[PDB]
Amino acid sequence: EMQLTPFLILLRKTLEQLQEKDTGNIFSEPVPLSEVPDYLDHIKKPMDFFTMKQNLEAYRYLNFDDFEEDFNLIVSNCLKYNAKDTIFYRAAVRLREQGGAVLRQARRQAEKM
Ligand SMILES: CC(=O)c1c(C)[nH]c(-c2csc(N=C(N)N)n2)c1CCC(C)C
């Protein structure tokens, strides 16, 4: 229950804040399946911040939980695919932590709308 335009503005700002936490830009674009031929063997739904931006602009996120679910996929896919002793795995842990804080604040803003 709220106006659509301010909610989308909030999600755009939140998505920018989450991307800023991915300093290596390793989550900015889809995992290149040509370079990782086995990626889809066990990853059911790839996700990345560019796809999230597309989904946002296509009006596919109309509540906070659907936005947060796709962010959580970025994290969970990376934890699943990569071994614990890799930079990629630790980057996903760091994004989970830093992004979680961004998301809690953004949700508190939405609840005032
Ligand atoms: C495995 C994984 O989880 C990846 C995540 C989160 N991002 C990327 C990525 C984005 S862009 C790019 N570019 C090149 N040239 N590999 N790799 C990967 C695949 C990395 C390869 C080297 C195993």
# chains A, B, ... in the order shown; residues from 1 in each chain; ligands from 1
call {"tool": "residues_near_ligand", "arguments": {"ligand": "ligand 1", "cutoff": "9 Å", "atoms": "only C-alpha atoms and all ligand atoms", "output": "list in words"}}
result
residues 25, 26, 27, 28, 29, 30, 31, 32, 33, 34, 35, 36, 39, 48, 74, 75, 77, 78, 79, 80, 81, 82, 88, 89, 91 and 92 of chain A
call {"tool": "select_by_dssp", "arguments": {"residues": "chain A", "states": "helix (DSSP H, G or I)", "output": "MDAnalysis selection string"}}
result
chainID A and resid 4:21 39:41 49:57 64:81 87:111
call {"tool": "residues_around", "arguments": {"residues": "residue A:18", "least_positions_apart": "3", "cutoff": "6 Å", "atoms": "only C-alpha atoms", "output": "ChimeraX atom specification"}}
result
/A:15,21,99
call {"tool": "closest_atom_pairs", "arguments": {"of": "stretch 68-113 of chain A", "to": "stretch 49-55 of chain A", "cutoff": "12 Å", "atoms": "only C-alpha atoms", "output": "CSV"}}
result
residue,atom,partner,partner_atom,distance
A:68,CA,A:52,CA,10.1
A:69,CA,A:52,CA,10.5
A:70,CA,A:52,CA,7.2
A:71,CA,A:49,CA,7.9
A:72,CA,A:49,CA,11.2
A:73,CA,A:49,CA,10.5
A:74,CA,A:49,CA,8.0
A:75,CA,A:49,CA,11.1
call {"tool": "write_last_selection", "arguments": {"atoms": "N, CA and C atoms", "output": "PDB file, in the first residue's frame"}}
result
ATOM      1  N   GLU A  68      14.648  -8.297  -2.600  1.00  0.00           N
ATOM      2  CA  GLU A  68      15.628  -8.905  -1.709  1.00  0.00           C
ATOM      3  C   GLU A  68      15.890 -10.358  -2.078  1.00  0.00           C
ATOM      4  N   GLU A  69      14.876 -11.067  -2.574  1.00  0.00           N
ATOM      5  CA  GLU A  69      15.039 -12.458  -2.992  1.00  0.00           C
ATOM      6  C   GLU A  69      16.079 -12.579  -4.104  1.00  0.00           C
ATOM      7  N   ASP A  70      16.064 -11.664  -5.076  1.00  0.00           N
ATOM      8  CA  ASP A  70      17.026 -11.735  -6.172  1.00  0.00           C
ATOM      9  C   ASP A  70      18.427 -11.350  -5.710  1.00  0.00           C
ATOM     10  N   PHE A  71      18.539 -10.361  -4.821  1.00  0.00           N
ATOM     11  CA  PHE A  71      19.838 -10.094  -4.195  1.00  0.00           C
ATOM     12  C   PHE A  71      20.355 -11.341  -3.480  1.00  0.00           C
ATOM     13  N   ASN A  72      19.486 -12.009  -2.716  1.00  0.00           N
ATOM     14  CA  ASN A  72      19.911 -13.208  -1.995  1.00  0.00           C
ATOM     15  C   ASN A  72      20.392 -14.304  -2.945  1.00  0.00           C
ATOM     16  N   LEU A  73      19.829 -14.382  -4.160  1.00  0.00           N
ATOM     17  CA  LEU A  73      20.292 -15.351  -5.155  1.00  0.00           C
ATOM     18  C   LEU A  73      21.711 -15.047  -5.621  1.00  0.00           C
ATOM     19  N   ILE A  74      22.038 -13.774  -5.816  1.00  0.00           N
ATOM     20  CA  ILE A  74      23.411 -13.419  -6.167  1.00  0.00           C
ATOM     21  C   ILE A  74      24.373 -14.013  -5.151  1.00  0.00           C
ATOM     22  N   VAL A  75      24.068 -13.808  -3.875  1.00  0.00           N
ATOM     23  CA  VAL A  75      24.901 -14.311  -2.792  1.00  0.00           C
ATOM     24  C   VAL A  75      24.897 -15.834  -2.776  1.00  0.00           C
TER      25      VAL A  75
END
call {"tool": "atom_distance", "arguments": {"atom1": "atom CA of residue A:10", "atom2": "atom CA of residue A:64"}}
result
9.9 Å
call {"tool": "atom_distance", "arguments": {"atom1": "atom CA of residue A:94", "atom2": "atom CA of residue A:22"}}
result
8.9 Å
call {"tool": "atom_distance", "arguments": {"atom1": "atom CA of residue A:111", "atom2": "atom CA of residue A:20"}}
result
23.5 Å
call {"tool": "residues_around", "arguments": {"residues": "stretch 106-110 of chain A", "least_positions_apart": "3", "cutoff": "10 Å", "atoms": "only C-alpha atoms", "output": "list in words"}}
result
residues 2, 6, 7, 10, 11, 13, 14, 15, 17, 63, 64, 65, 68, 100, 101, 102, 103 and 113 of chain A
call {"tool": "write_last_selection", "arguments": {"atoms": "N, CA, C and O atoms", "output": "compact mmCIF listing (two decimals), in the first residue's frame"}}
result
# COMPACT_ATOMS: atom_id res chain seq x y z
N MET A 2 1.12 1.79 -1.19
CA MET A 2 1.94 2.98 -1.33
C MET A 2 1.99 3.37 -2.80
O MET A 2 1.54 2.63 -3.69
N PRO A 6 7.65 6.56 -5.73
CA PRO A 6 8.67 6.62 -4.67
C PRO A 6 9.26 5.28 -4.34
O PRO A 6 10.44 5.20 -4.00
N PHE A 7 8.48 4.21 -4.42
CA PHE A 7 9.02 2.89 -4.14
C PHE A 7 10.08 2.52 -5.16
O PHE A 7 11.14 1.98 -4.80
N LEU A 10 13.27 4.36 -4.44
CA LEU A 10 13.97 3.71 -3.33
C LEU A 10 14.69 2.46 -3.80
O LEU A 10 15.84 2.23 -3.42
N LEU A 11 14.04 1.63 -4.61
CA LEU A 11 14.73 0.43 -5.07
C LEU A 11 15.92 0.77 -5.96
O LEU A 11 16.96 0.11 -5.86
N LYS A 13 17.84 3.44 -5.73
CA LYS A 13 18.89 3.89 -4.82
C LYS A 13 19.50 2.72 -4.08
O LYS A 13 20.73 2.62 -3.95
N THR A 14 18.65 1.80 -3.61
CA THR A 14 19.13 0.63 -2.87
C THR A 14 20.00 -0.24 -3.76
O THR A 14 21.05 -0.73 -3.33
N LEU A 15 19.57 -0.45 -5.02
CA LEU A 15 20.36 -1.25 -5.94
C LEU A 15 21.71 -0.61 -6.17
O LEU A 15 22.74 -1.29 -6.17
N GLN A 17 23.32 1.25 -4.00
CA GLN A 17 24.09 1.03 -2.78
C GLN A 17 24.65 -0.39 -2.70
O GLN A 17 25.81 -0.58 -2.30
N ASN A 63 7.35 -5.35 -4.49
CA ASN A 63 7.46 -5.36 -3.05
C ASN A 63 8.92 -5.58 -2.71
O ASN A 63 9.73 -6.02 -3.55
N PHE A 64 9.26 -5.27 -1.47
CA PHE A 64 10.66 -5.35 -1.08
C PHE A 64 11.17 -6.78 -1.11
O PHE A 64 12.31 -7.04 -1.51
N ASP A 65 10.32 -7.74 -0.74
CA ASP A 65 10.78 -9.10 -0.65
C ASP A 65 11.18 -9.65 -2.01
O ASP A 65 12.12 -10.43 -2.09
N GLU A 68 14.65 -8.30 -2.60
CA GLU A 68 15.63 -8.90 -1.71
C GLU A 68 15.89 -10.36 -2.08
O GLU A 68 17.02 -10.83 -1.94
N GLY A 100 23.16 -6.83 3.57
CA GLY A 100 22.10 -6.97 4.56
C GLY A 100 21.82 -5.66 5.28
O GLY A 100 20.66 -5.31 5.53
N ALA A 101 22.87 -4.92 5.62
CA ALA A 101 22.70 -3.66 6.32
C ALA A 101 22.03 -2.62 5.43
O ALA A 101 21.15 -1.87 5.87
N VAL A 102 22.43 -2.56 4.15
CA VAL A 102 21.78 -1.68 3.19
C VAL A 102 20.29 -2.02 3.08
O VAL A 102 19.43 -1.14 3.07
N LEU A 103 19.97 -3.31 3.05
CA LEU A 103 18.59 -3.73 2.85
C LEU A 103 17.71 -3.43 4.06
O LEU A 103 16.56 -3.00 3.90
N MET A 113 6.31 4.59 3.92
CA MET A 113 5.62 5.09 2.74
C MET A 113 4.13 4.79 2.79
O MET A 113 3.72 3.64 2.78
call {"tool": "closest_residue", "arguments": {"among": "A:56, A:83, A:95, A:43", "to": "residue A:19", "atoms": "only C-alpha atoms"}}
result
A:95
